Each structure stands twice: as structure tokens, then as C-alpha cells.
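Novice: Protein chains in written order, with my numbering: chain A, 1042 to 1091; chain B, 58 to 218.
Built from N, CA and C at the ideal position, the CB exists for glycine as well.
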């Protein structure tokens, strides 16, 4: 509307699939689940206090 | 070391008097409670190790004292703790049979505080262990035998504290 130069508002799924799902650009939730990363309970029980 | 009979005789002898009616009434009270004392002593002799291990399972297990750094940590310290609790239950049985806690401060509570303070033994944790032992044996032998056990257990906890 006569104040701003344009900018890339929409991608195709091909272009977004190109840029985001590359391995360095990737997150780690994106497509299958990730399980929780707790420490082992025998290490937690073997400490020196609750 | 004296039961109710020997303490009554010692009082009447330190008086130099014969056994009057109050001493006769005290000895009649002991001779009425003695059969209950005998049956509770047999029932406690039945389940020594069970009462001790249930007392540790109630109080001392899964706390910090069985973890590293605790005074009940090693197997030597665990075995000595089971030995100490077996001593407390055995001498509480003896004081229940005698009907007098003179054996407790003669042979348990004599140098026990200074021993535990020199070793680094926690006195509050062992008082809680003796209290759980009292609770378990009072669940075992009933209301009134549990009470006449708990009076000597409270004597041991009071002399320890």
C-alpha cells in the first residue's frame, strides 16, 4: 500500500520443504515424536541425599 | 538388676520393716500381671527378627541414613544397626518380664549416650527406630501387653535422648 517494498510472504511446500527439512535447519520434533531424556533411576537412587 | 519383687523387698529391708499390706498389694499386682508378661515374652521371642526388620522397613530404610554418607551405610554398619536393635528388643523383653527398668539403666543406658556420641551414631534416628519397634510389637501382642512393652521402650528412648 505505497509505503513498503514487497517481501516474500508465501512459500510453496516445495520451497519450504527444501529449506527447513535440510539437516542443519531441522528441529527434532518435526515428523515423529521424541521421548523424554531422564537420567537412570539407579543413578538417582545412588546419590547421597534426596 | 532387680524385678518388682526384689525392689519391694529392698524397700521393706531398707526400712527394716516387715512386709506390710501395701507391699502385699504390690506383689499381688505383679503376680496377677505375670502370666500376661510370660505370654507376651513368648510371643516376642517368636518374632525377634521380624519385629527388627519391620522396624527398619518402617523408619530407616529408603532414607538418607542408608544412602552414602549416612551412618547406616556400609554392610558393617547395617549389621551393627540390626545388632543394636536386637539388643533394644531383647532388653525391653527382659524389663517387661521383671516389671522393673533397673536392667535397662544398668546394662543398656549406662554408657550408651557417650558411645553413640563418640561413634557419630544419630540418636534421633535410633530413637525413631525404637519407636517403630515399639509400634510393631504393640501391634503384635495387643493393647495392654503392648503398653507394658512401650513403657520400657519409652524408658530406653528417654535415657537415649
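Is there contact here, the stretch 154-165 of chain B with the stretch 176-184 of chain B, by at least three beta-carbon pairs under 8 Å?
Specialist: no
Novice: Taking CB distances under 8 Å as the criterion, tell me whether residue 1091 of chain A reaches chain B.
Specialist: yes
Novice: What number of angstroms, rounded off, separates the C-alpha of residue 1057 of chain A from the C-alpha of residue 1044 of chain A?
Specialist: 28 Å
Novice: Compare the Cα-Cα distances from residue 1090 of chain A to each of B:128, B:150 and B:83 and report the closest residue.
Specialist: B:128
Novice: Cutting at 6 Å between CB atoms, please list the residues of its own chain near residue 80 of chain B, excluding the five before and the five after it.
Specialist: Correct list, in chain order: 65 and 69.
Novice: Using only alpha-carbon positions, find the residue among B:119, B:138 and B:170 that is nearest to residue 1083 of chain A.
Specialist: B:119
Novice: Residues of chain A with a CB under 9 Å from the CB of residue 126 of chain B: which are they?
Specialist: Near residue 126 of chain B (Cβ distances below 9 Å), the residues of chain A are 1089 and 1090.
Novice: Going along the chain, which residues of its own chain have a beta-carbon closer than 8 Å to the beta-carbon of residue 122 of chain B, five neighbours each way excluded?
Specialist: 128, 129, 130, 179 and 182
Novice: Can you tell me where the alpha helix (DSSP H) with residue 185 of chain B in it begins and where it stops?
Specialist: 180-198
Novice: Cβ closer than 7 Å: which chain A residues qualify as neighbours of residue 121 of chain B?
Specialist: 1090 and 1091
Novice: With distance defined between alpha-carbon atoms, name the residue in B:75, B:67 and B:102 nearest to residue 198 of chain B.
Specialist: B:102
Novice: In the DSSP assignment, find the alpha helix (DSSP H) that holds residue 149 of chain B and state where it starts and stops.
Specialist: 132-155
Novice: Could you give the first and the last residue of the continuous alpha helix (DSSP H) run that contains residue 1082 of chain A?
Specialist: DSSP places residue 1082 of chain A inside the alpha helix (DSSP H), whose first and last residues are 1082-1086.
Novice: Am I right that residue 59 of chain B and residue 157 of chain B are in contact with their C-beta atoms under 8 Å? What's the rounded C-beta distance?
Specialist: 6 Å
Novice: Looking only at its own chain, which residues have a Cβ that is under 6 Å from the Cβ of residue 189 of chain B, when we skip the five neighbours before and after it?
Specialist: 112, 115 and 116
Novice: Classify residue 85 of chain B as helix, strand or coil using the three-state DSSP reduction.
Specialist: Reduced to three states, the DSSP call for residue 85 of chain B is helix.
Novice: What did DSSP end up calling residue 1046 of chain A once you bin it into helix, strand or coil?
Specialist: coil
Novice: From residue 105 of chain B to residue 1069 of chain A, what distance separates their C-alpha atoms?
Specialist: Rounded to whole angstroms, residue 105 of chain B to residue 1069 of chain A spans 58 Å at the Cα level.
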